[PDB]
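Note sheet for the following structure.
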Amino acid sequence: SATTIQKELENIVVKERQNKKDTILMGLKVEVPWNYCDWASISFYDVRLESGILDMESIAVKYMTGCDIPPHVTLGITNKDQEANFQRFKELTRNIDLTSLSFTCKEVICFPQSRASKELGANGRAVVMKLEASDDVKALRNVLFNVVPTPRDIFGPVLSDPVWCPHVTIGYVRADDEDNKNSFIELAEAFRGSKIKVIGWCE
Ligand SMILES: Nc1ncnc2c1ncn2[C@@H]1O[C@@H](CO)[C@@H](OP(=O)(O)S)[C@H]1O
Ligand SMILES: Nc1nc2[nH]cnc2c(=O)[nH]1
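For the sequence shown, position 38 (counting from the first letter as 1) is numbered 38 according to PDB author numbering, and the numbering increases by one without interruption.
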């Protein structure tokens, strides 16, 4: 059970996310086997079409744009002042062939609604394809965090240790329409077992 301090620390984590703007994405641009038309029967949640969003610039809702998402696997998100360190890391890894890296689609997961987005007026949940990452990807991410200071992930209770869930987000849907959510998951489940190829760094 969480303590008083832990509960207070969670509020700080959520607010920190809400306050975050202008961060940089350290991720791998990938090619996926699914297309928009595969989800033609699905209704997506796009904050750009919604009202009551209290801060469109917050990274907690800014990227909740239906299925209009560039296919990518996030390694980490950090502050803009780390841009130089990240650029230096890309140069340090210039000899690494990122296109040799591969992920395997395992299971379709609908992440829980982030409290940071909900408090900013969002009503969406992310449907993602959980990926199996090779040791090369895991090592690449660890060394990235060694060269480029990156906020520690805290997706759960503040006391828990983060378990990286490599994933390619497919689309956001309303958190209050189960039929739509389940139909989406079913359709996305058809792509399980597919292999995703890395093209390079997200730019
Ligand atoms: N400059 C940026 N700063 C923070 N996030 C950014 C971003 N550009 C893209 N995103 C995407 O927004 C994330 C949600 O925070 C992730 O999406 P995801 O992997 O699909 S759950 C992330 O990739
Ligand atoms: N990597 C990762 N992202 C998440 N987003 C929401 N929950 C999680 C989680 O457990 N892991």
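From the three backbone atoms N, C-alpha and C, an ideal C-beta is built for every residue, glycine too.
In three-state terms, what does DSSP make of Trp-34?
Looking at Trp-34 - three-state DSSP - the assignment turns out to be coil, as it is neither helix nor strand.
Following a CB-centred definition, is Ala-126 positioned closer than 7 Å to any heavy atom of ligand 1?
Yes, the beta carbon of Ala-126 sits closer than 7 Å to at least one heavy atom of ligand 1.
To the nearest angstrom, report how far apart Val-30 and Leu-101 are at their CA atoms.
Each residue's Cα considered, the two are about 10 Å apart.
Apart from the five residues just before and just after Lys-62, which ones in its own chain have a Cβ nearer than 7 Å to its Cβ?
These residues qualify, in order along the chain: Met-56.
Quick test of your reading: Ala-116 and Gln-18, contact by CB under 8 Å. State the CB separation rounded to the nearest angstrom.
Right, the Cβ-Cβ distance comes to about 5 Å (below 8 Å), so this counts as a contact.
Tell me whether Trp-201, by its Cβ, gets closer than 7 Å to a heavy atom of ligand 2.
No.
Using alpha carbons as the reference points, say which of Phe-155, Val-128, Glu-8 and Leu-140 lies closest to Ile-185.
For the residues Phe-155, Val-128, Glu-8 and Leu-140, the minimum Cα distance to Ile-185 belongs to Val-128.
Nearest by alpha-carbon distance to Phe-44: which of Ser-194, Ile-199, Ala-175 and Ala-190 is it?
Comparing Cα-Cα distances from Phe-44 to each of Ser-194, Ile-199, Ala-175 and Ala-190, the minimum goes to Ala-175.
Assign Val-47 to one of three DSSP states: helix, strand, or coil.
Reduced to three states, the DSSP call for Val-47 is helix.
What does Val-198 pair with, by DSSP beta-bridge criteria?
According to DSSP, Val-198 bridges with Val-30.
Closer than 7 Å to a non-hydrogen atom of ligand 1 - does that hold for the CB of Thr-23?
Yes; taking the cut-off as 7 Å, the Cβ of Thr-23 has a heavy atom of ligand 1 nearer than that.
With 16 as the cutoff for other CB atoms within 10 Å, does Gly-124 come out buried or exposed?
So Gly-124 ends up on the buried side.
Quick one: using the 10 Å Cβ neighbour count with 16 as the cut-off for buried, is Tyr-172 buried or exposed?
The residue is buried, with at least 16 neighbouring Cβ atoms inside 10 Å.
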